[PDB]
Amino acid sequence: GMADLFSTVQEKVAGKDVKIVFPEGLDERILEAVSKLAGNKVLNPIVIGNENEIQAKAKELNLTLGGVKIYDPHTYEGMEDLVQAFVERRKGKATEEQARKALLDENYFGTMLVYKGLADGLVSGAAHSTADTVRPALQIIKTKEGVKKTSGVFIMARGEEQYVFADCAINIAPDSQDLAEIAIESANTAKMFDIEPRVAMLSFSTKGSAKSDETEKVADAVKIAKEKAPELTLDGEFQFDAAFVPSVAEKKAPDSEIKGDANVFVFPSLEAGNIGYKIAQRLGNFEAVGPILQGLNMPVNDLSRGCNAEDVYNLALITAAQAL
């Protein structure tokens, strides 16, 4: 179901020697995933932490660290160069002593590595707050060309059915400019899973039903998006009905690009987005793939604390894909 969706991603990744950093080097979820990722030669994992400590941990887990490189921030050669690169990136917001201290942190150390090409993407989260990962991601690595913010999408899958849900994790109260962006970026992220983008901007009314600030926010969001990205198939201010079921599409709003065949649903607020994917998961019995960030210069992703060893493996597959 969701599983063959990953085999499609692993297809694209495997054999390209993509390097992904895993800052939580002592976490068995990461060690197991890393150990196996290297074993099958899918990608080249880099782990951060004390080499002896990790080596011994891997052993009590009956693991081996085959094609796995280990970097210790208290040993790395290029630290001084990294320290210097960081201060330059922080534009004076960081002294040298600050930089040095900052980079002794797993997540920061690993983010700098991805920033300076020593790694292609980072994957942390199994033992940190979601902020502790996205923070450096935004201070060091930044958002792409015309992107101002990151968003968290979720791949929803149930059998043949595959959808993308727009920012159900990062941005709390997105505005018109934000939504339009969430929609454009989510549409591109869906390309990575070989989905043909058909965006629908959700709200509690369809193209006019109710007229309040909240509906106009999204309506405006559609203008912005359509203007900024003409070719992308997306119409806006739909209720889930109109966006998901065709009968309702021609009734509530015909003449619209979307004909009840939306496969990318942009939610109006984090409250809708979060409760949304969760209701779809627990009630609709859809498989839900955890937050996937988007719009950054280099791939960075947040695993769920208390996640799964296979969850670590797949995020890596997705993160590597974003890099390719």
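The first residue of the sequence shown is number 1, and the count goes up from there.
Higher mean CA temperature factor, per the PDB entry, when comparing 133 to 141 with 210 to 218: 210 to 218.
In this crystal structure, the stretch out of 99 to 107 and 219 to 227 whose C-alpha atoms carry the higher mean B factor is 219 to 227. Across the residues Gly125, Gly146, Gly121, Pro174, the deposited record lists the maximum Cα B factor for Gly146. Across the options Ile258, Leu283, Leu63, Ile70, the residue with the most elevated CA B-factor in the record is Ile258. Residue-level temperature factors show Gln294 in the middle third of its chain, judged at the C-alpha atom. In the PDB entry, a CA B factor belonging to the lowest third of its chain's modelled residues is recorded for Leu270. Among the modelled residues of its chain, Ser205 has a C-alpha B-factor that falls in the middle third according to the deposited record. Among all modelled residues in its chain, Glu310 ranks in the middle third by Cα B-factor.
For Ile155, the recorded CA temperature factor ranks within the middle third of the chain's modelled residues.
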